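A.B. asks:
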Amino acid sequence: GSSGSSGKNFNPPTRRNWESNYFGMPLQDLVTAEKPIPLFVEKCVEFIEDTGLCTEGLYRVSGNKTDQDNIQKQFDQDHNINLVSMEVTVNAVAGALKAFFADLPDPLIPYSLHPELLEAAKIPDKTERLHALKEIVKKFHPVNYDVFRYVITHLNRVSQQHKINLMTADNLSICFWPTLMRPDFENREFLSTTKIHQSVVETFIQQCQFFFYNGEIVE
């Protein structure tokens, strides 16, 4: 006899910027007809609201970054994760939510709707301005359109209690400007137009309800 074991040995593989078969594929592929909106996003949105929507600058202030690391990682290795169970800091979940949009292979807003969004934002008639933006947002991809709406739907809630999260529709519209649209550092190489863009985004949120909800025109 005298049968004794010694154990086993091995070495882990390599690691690159990231490892996932989703990043490469477009959202349209990642998501399904049944659920066009990505869980990750929702889980992050519904979470914040559930854990109270009065977190000082949920987006403006993130605090730690490591928190987001596990948020995306753990979620990657396990889609059945429970943010609540982790008991992380709202600020964290907030950032992780955006990061996703930043990873997207393409910008939420297409280049074929850049001038269309501004041309409808510079409109004099307040009402018309909302209508044009309500009809233009219809051209938005049937995959991103759903999300874009869900996201904003939450922002509006944050702007309401800005007195707490010190964040208004305008502030949020800017804090999301990066992802929503990531132009080239050299955006001044050509004629510069009035800061109408910022207004566009901000507007959508402010009047994000009137669009469908038909809520009175707020100010």
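Note that the entry's author numbering gives residue 108 to position 108 of the sequence shown, counting from 1, and the numbers run on in steps of one. Here a beta-carbon is modelled for each residue, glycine too, at the ideal position from N, C-alpha and C.
(1) Leaving aside the five residues before and after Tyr150 along the sequence, list all residues of the same chain whose C-beta is less than 6 Å from its C-beta, in chain order.
(2) Do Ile152 and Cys208 come within 7 Å of each other at the CB atom, strictly closer than that value?
(3) Taking the alpha-carbon of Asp76 as reference, which of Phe190, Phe40, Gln28, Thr179 has the nearest alpha-carbon?
(4) Within 10 Å of its beta-carbon, does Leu166 have 16 or more other beta-carbons around it, so buried, or fewer, so exposed?
(5) Among the residues of its own chain, which have a CB less than 7 Å from the CB of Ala96, if the five just before and after it don't count?
(6) Under DSSP, the alpha helix (DSSP H) around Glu216 begins and ends at which residues?
(7) What residue range is occupied by the uninterrupted alpha helix (DSSP H) comprising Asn165?
(8) From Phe101 to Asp146, what does the alpha carbon distance come to, in whole angstroms?
(9) Report the three-state DSSP secondary structure of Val45 (helix, strand or coil).
(10) Considering only their Cβ atoms, is the gap separating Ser199 from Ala121 smaller than 7 Å?
(11) Just the Cα atoms here: how many angstroms apart are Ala33 and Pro124?
(12) Taking all protein chains shown into account, decide if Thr203 is buried (16 or more other Cβ within 10 angstroms of its Cβ) or exposed.
(13) Drop a sphere of 10 angstroms on the beta-carbon of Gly57, count the other beta-carbons inside from all chains shown, and report buried for 16 or more, exposed for fewer.
C.D. replies: Judging by the given coordinates:
(1) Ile37
(2) yes
(3) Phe40
(4) exposed
(5) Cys44, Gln68, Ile71, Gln72
(6) Note, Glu216: premise wrong, no alpha helix (DSSP H); not H, not E.
(7) 162 to 165
(8) 14 Å
(9) helix
(10) yes
(11) 38 Å
(12) buried
(13) buried
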